[PDB]
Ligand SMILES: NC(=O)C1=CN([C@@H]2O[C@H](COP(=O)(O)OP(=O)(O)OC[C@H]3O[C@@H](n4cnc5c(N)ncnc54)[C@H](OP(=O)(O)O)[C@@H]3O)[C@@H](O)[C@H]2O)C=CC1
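Given as C-alpha cells, the chain that follows is alone and in the form deposited without the ligand.
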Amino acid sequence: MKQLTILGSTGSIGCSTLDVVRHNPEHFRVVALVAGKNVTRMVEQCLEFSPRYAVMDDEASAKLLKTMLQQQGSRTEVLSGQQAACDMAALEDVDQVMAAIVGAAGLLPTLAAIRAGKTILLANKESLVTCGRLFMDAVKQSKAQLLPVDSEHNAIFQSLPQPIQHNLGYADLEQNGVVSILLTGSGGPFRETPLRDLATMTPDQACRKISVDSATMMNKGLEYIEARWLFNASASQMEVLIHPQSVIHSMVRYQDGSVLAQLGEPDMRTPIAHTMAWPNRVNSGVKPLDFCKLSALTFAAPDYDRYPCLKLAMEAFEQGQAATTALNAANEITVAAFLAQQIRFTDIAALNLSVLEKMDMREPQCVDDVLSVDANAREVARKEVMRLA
C-alpha cells in the first residue's frame, strides 16, 4: 500500500495521477494534496480521496477551502504556504511524491521530498533545467528514487537496464551497455514550413506555450538538458531525433546494436501509472495501442537552421546551470511576447540567443542563486522584447 503526496493536484498531471489512484484504490492512498488557488477543484478531490492534509498557496484560498470543506463535513486539515508544501513532501509515512508543481514554485517542495529520501515522481522541468547539479547530488545523498513522469524521459527510463533504473543519476551508462539515449520529438507544427517563411508565422498557426515550445523545440532542448542530468549522459551519449508520429516516445541504444523503445498512446496516465506502480504495473485506464490504426512511422535528423532553440539549449548545457536557468527564463518572456504579437515567431530563438549573449554570470549554488539568475534573465528579455516593439 503506497501512500502519496501530490504537489499540484488540481493541474493536468494531478488529475491524471488521481485517476490512477481512483482505478487502483488497493495499491495507492492519497495522504496529502497540494494545489495553487483552485479551491473549487480541490474540494472535489479532498472529498473523493480524503487526504489527511490539503495545502493552498495563500491563507485566503486556505480559509475558503476550510469553509467549503467544513460544509461537506470533511476531516481534511487545511494549511497553506510553501513551507506547508515542503512538510507535505517530507511527511513521515508518505512513500511517493508527485512533484507536479511547476515553475520556481516547485523547486523547494521537490527538493524537500528528495532530501527526505522519498520516491519522487518527477513531473516538472524546472527541477533539472535550473538546479540539475544541485538536485542530482541531493538524490545521491538521500538515495531517493527518481522516476521521470514526462513522456520522453519515462520512455527512456523504461528502456534502460535495471541497474541504471535503481541508481538514477549516479549510474554509468557505458558501464551498463548503453551506447546512447535517443530523445525523440514531433518536430513541431512548422516542421515542413519552408525556412524563409518561419518569420511570418502567427500564434493561431501554432495551436499554448507548450505548442510554441514544440514549434521551436525549446521543449526538446529543455528535455536534452534534463536527460543529461537525469541519466548521467554526456553530449556524445545523446541523440535528438524527429519522429513526427510520436508513437515511439523515446529509445535507448545498446552496445550490441539493440535499440529499446517505449510506445503507446499520448495519454499521460501511462507514464504516470508506470512510475507509480514501479517496479510493477497497474491499469491506468489507457487504451491498448492499436498497431493497425497507425500512421507510418518516420524519423529524421533535426535541422538546426530550423530549430535554433535546440542548438542553443545544447550549447547552454555546456555553459552551465546559470546559462540553462536563463534560457528557460528568457524563453517564457519571448514565447509570451510572440504570443501577444510584439515579436515575430523567429524572434523567440533570436532574442533567446541575445539574452544569453548579453549576460555573463556565475554558476548557481542553491535554489536562491537560481531564482536570481531567472529574474535577471527575465529582465534582460523583458527589455529585449521592447527593443522590437
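The numbering used is simple: start at 1 and walk along the sequence shown.
This next part talks about the form deposited with the ligand bound, which is not shown.
- Residues within 4.5 angstroms of the ligand in the deposited bound form, judged by any non-hydrogen atom, belong to 103-111 and to none of the other stretches in 71-79, 309-317, 174-182, 103-111.
- Although the partner is absent from the chain shown here, none of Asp95, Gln165 and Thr275 has a heavy atom within 4.5 Å of the ligand in the deposited bound form.
- Though the ligand is absent from this view, in the deposited bound form it lies within 4.5 Å of a heavy atom of just one residue from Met201, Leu160, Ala84, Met268, which is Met268.
- Interface residue among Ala35, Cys46, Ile348, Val355 relative to the ligand in the deposited bound form, by the heavy atom within 4.5 Å criterion: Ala35.
- Taking the partner from the other structure, the ligand in the deposited bound form has a heavy atom within 4.5 Å of a heavy atom of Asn124.
- The closest non-hydrogen atom of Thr10 lies within 4.5 Å of the ligand in the deposited bound form.
- Among heavy atoms of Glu239, none comes within 4.5 Å of the ligand in the deposited bound form.
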